[PDB]
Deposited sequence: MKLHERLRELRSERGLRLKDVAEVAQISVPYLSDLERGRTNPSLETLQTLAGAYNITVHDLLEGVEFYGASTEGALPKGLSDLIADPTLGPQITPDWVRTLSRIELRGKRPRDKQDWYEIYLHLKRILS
């Protein structure tokens, strides 16, 4: 969702008036209201202020929300993300693998990437 919708949801579902939030944060009602409208976008340090008064972390505040590209191919990133599998792979091995492309084509998903990683490791060792 949008961030202004989320910031309004957190206070309304919690039964709080703008003033209640205003006072516990170091913030005013017009500015907070602008933020819950979404004219302004807040600093991270304003988001701390809001999180802390909602008794929520800033990670958790940003749960339902959304607001580019990608520097590795997505399957390669998924492999880096796998908990059991990923960590065993050198930072080097990621950029080495990442250069593998045939005119656009790339290994599709992480066990594709994992597969050739294993073959390639034997050869380059």
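Against the full deposited sequence, the model leaves out just one stretch, namely 68-71.
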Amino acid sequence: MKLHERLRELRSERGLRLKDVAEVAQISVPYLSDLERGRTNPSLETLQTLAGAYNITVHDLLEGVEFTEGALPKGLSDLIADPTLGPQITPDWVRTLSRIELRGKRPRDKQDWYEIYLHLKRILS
From here on, numbers count along this sequence of modelled residues.
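Stretches 74-82 and 48-56 differ in mean C-alpha B factor, with the higher average recorded for 74-82.
Higher mean CA temperature factor between 86-94 and 35-43: 86-94, per the PDB entry. Ranking 109, 23, 115, 101 by Cα temperature factor from the entry places 109 first.
Ranked by C-alpha B-factor against the other modelled residues of its chain, residue 62 falls in the middle third.
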